[PDB]
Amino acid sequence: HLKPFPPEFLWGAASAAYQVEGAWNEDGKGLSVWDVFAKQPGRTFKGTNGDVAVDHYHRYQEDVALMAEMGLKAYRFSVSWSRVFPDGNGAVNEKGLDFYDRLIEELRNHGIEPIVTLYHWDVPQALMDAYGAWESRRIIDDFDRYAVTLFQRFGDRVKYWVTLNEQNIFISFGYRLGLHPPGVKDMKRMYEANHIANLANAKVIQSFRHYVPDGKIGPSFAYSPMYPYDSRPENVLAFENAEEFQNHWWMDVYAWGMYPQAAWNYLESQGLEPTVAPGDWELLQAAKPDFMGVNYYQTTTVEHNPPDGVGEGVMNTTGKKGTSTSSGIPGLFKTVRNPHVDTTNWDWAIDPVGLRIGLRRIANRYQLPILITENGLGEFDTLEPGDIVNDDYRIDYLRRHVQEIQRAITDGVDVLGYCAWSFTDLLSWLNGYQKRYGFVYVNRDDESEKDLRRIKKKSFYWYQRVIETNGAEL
């Protein structure tokens, strides 16, 4: 017998500024590292970039109206740092703030709760130029100044805040895999910047307590819960290493202010552990969040990986199902296909039970409320005659995940809300437009920009009915 979703459950949907806004150089916006990076040839699919994206900066009023039509309880978006401080640390750009003000007012005028993400991977290029951005402790006070600017301006209207979105992704992709700005493949630098981002997170949560005392704040972690392949003890040990190295490495810092000891010792034995200054641990331990943000898409099954074995594997860029290969850390673990779940054509696991598991793991380990900040299915959508997009695949994925959330809530996990990814179709960081996540289809592809018109998918009306029946009808 399931509990119902609490009466004030934030039924949400989410975006990211670079992925949706466009207007990349209007009203005084400075350059972000993604403005620069995406124009480098060969980085992104068929050269797609966020110059225009889906032009939400100009079309937000149409977008919020569709949200109100849908009946969204909440909308999560990120603020573009380079719209607010074109220099990163220089003078405030009033026009930048004014856009987010207009957006927030528009949201509230329709009874939609704003959830403001501070950082979704678009640090101003100037800070990378001036001092290497996340590799310098200077970004801690510059990021604080930016966050306090937003707290003072919108705190009276915004209850829910997310600090760093998927810090493990932009640190890892940006400094170990070289797929994100700054395009580095250096684990020593990766863990130095990661440590500085941890301090940045902690500093702004401390500021938030001062400036928005009645608000709620937390980081948002890209969580792939780990599985052992089987009950072979070496495979279970590989799972212990994988969950600690991939997940606790970040979530323990967010929740407890300390790195896990085994992973630290392994990094130390390699000279990879970050530099620590007096006052780091106290700051990290003094910044307890109100919730853990969770971006969830899939789980990961691992097995034993000998000292000889797998390192970086092949990511699935194409959509040809089966093209991924195992990634691992030699001596600790390597990934392996989970034979008991389906995958998308990008080899992403479809594992809605895995979300319940991950929600139970966070509650069991940290006793924190959880805000699900991202969950969605990316697939090709066909526009059929009569403005009909039948994305039954997307409905099927979202339904099973929402069902497992309800089971998690019945187990006792405190889930604050759920933000589907995404509200409209948007630009993928590297893969363009054809892998769509939206409830609302946007009329463009990789070649033709067309008119960017919004078209309600079938999933839009499915989810309209979910919010209407507070989840009782799925």
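Counting begins at 1, following the sequence as shown. Basically, rigid core = biggest C-alpha set you can superpose within 1.5 Å across the two forms.
Student: Any chance you could tell me whether 314-322 or 208-216 drifts more in 5 other deposited structures of this protein, judged by RMS CA distance from this form after superposing on the core?
Tutor: Once the cores are fitted, 314-322 deviates more in 5 other deposited structures of this protein.
Student: Between 313-321 and 287-295, name whichever shows the higher mean Cα B factor according to the PDB entry.
Tutor: It is 313-321.
Student: Can you let me know which of the two, 248-256 or 330-338, has the higher average C-alpha B-factor in the entry?
Tutor: Per the deposited B-factors, the answer is 330-338.
Student: Determine which member of 47, 50, 412, 438 has the highest CA B-factor, using the values in the deposited entry.
Tutor: The C-alpha B-factor peaks, among 47, 50, 412, 438, at 47.
Student: Tell me, please, which of 77, 211, 121, 227 has the highest C-alpha B factor according to the deposited entry?
Tutor: Out of 77, 211, 121, 227, the record gives the largest C-alpha B-factor to 211.
Student: Lowest, middle or highest third: where is residue 306 by Cα B-factor in its chain?
Tutor: Its C-alpha B-factor, which the entry lists for residue 306, ranks in the highest third among residues of this chain.
Student: For residue 89, return the chain-relative third of its C-alpha B-factor as stated in the PDB record: lowest, middle or highest.
Tutor: Highest third, going by the recorded CA B-factors of the chain.
Student: In terms of the CA temperature factor given in the entry, to which third of its chain does residue 261 belong: lowest, middle or highest?
Tutor: As the PDB entry reports it, the C-alpha B-factor of residue 261 lands in the middle third of its chain.
Student: By the record's CA B-factor, is residue 474 among the lowest, middle or highest third of residues in the chain?
Tutor: Its C-alpha B-factor, which the entry lists for residue 474, ranks in the highest third among residues of this chain.
Student: Of the three thirds of its chain by CA temperature factor, lowest, middle or highest, which one includes residue 434?
Tutor: Ranked within chain, residue 434 CA B lands in the highest tercile.
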